[PDB]
């Protein structure tokens, strides 16, 4: 069991797909800071890519082309083979880290999916379809499934009333990832929680608990992006990046806009230089998120026709009609290993840097693409 599965025939395309993932994470945080500066939040883009990939196997020509442009993939062979590899990775558990990413497609009991869709969803993703009554307790059916299957009880993005007989295709994903810390003598780890003073984006002053953490890492002040960045490994292959503004004014928008370009993260990862890190970070080691991607995809100006009731661009999702996409749910639990009382006693909590204002994080795998991106503003 490992997380380096790659298609050997479409290798370049898999690397390009990771660049699409990296860039979507950038669009995501750029939009969060613009539209939702009051929110602390995090997310993963892999389930969105998987959903769009699935749709790209079942679309008419123009829609297929638009889907391909967003995926950085350009053929059925690429979509199938890249996604089979990445799906395997994101469903592997081993001693290095554990990942689960499971997909469902919902439709009303009287509108069954095409056998073509059911087959390709199973083939590429081990996706499963569910036929439910859109007139009776459909929100609860979905909520209960996501929460039960994932073990994650956070509330879902739907509210009762959101689903009726005119509702179209509903796609869902749940992602559960667990990361242990490195096991080297100087692996960066959290040790103990300490009080810090925090100043929120809107100026609110408060006290927070923060994990005093230390170990080998990397650091840079990156003037052109207006940020300082701290970087450390988990188990080998995995990297966390923490960033925060150079200025007290939290001028983060230029950094987030640049993160829309996948080159920016590759640049960041080389600008940093080795530094022993002693930090205090106000973050929870278990984080949960549940969202509907569609509002964010619409904010980005992408694929807007797919979400209209009159859409006619799908070919083989249904035998009798196009169908349209109503909700794209992503239900996420991110967990980091908890430190022990014995570990706490081994260090003196004297941080060189405290994250005492808005900051962001990315967690990367061995392909240097983010499994998750998060933003803390308050």
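Numbering follows the first chain given and starts at 1.
- Of the two segments examined, 37 to 45 and 320 to 328, it is 320 to 328 that shows the higher average Cα temperature factor in the deposited entry.
- In this entry, 110 to 118 shows the higher mean Cα temperature factor of the pair 110 to 118 and 188 to 196.
- Set against one another, the Cα B-factors of 261, 77, 162, 292 in the record reach their highest point at 162.
- Highest CA B-factor among 27, 51, 349, 334, as stated in the entry: 349.
- Looking at the C-alpha B-factors along this chain, the one for residue 314 belongs to the highest third.
- Annotation for residue 254: C-alpha temperature factor in the middle third relative to the rest of the modelled chain, per the entry.
- Among all modelled residues in this chain, the alpha-carbon of residue 306 has a temperature factor (C-alpha) in the highest third.
- Among all modelled residues in this chain, the alpha-carbon of residue 170 has a temperature factor (C-alpha) in the middle third.
- Residue 267: CA B factor lies in the lowest third for its chain, per the PDB record.
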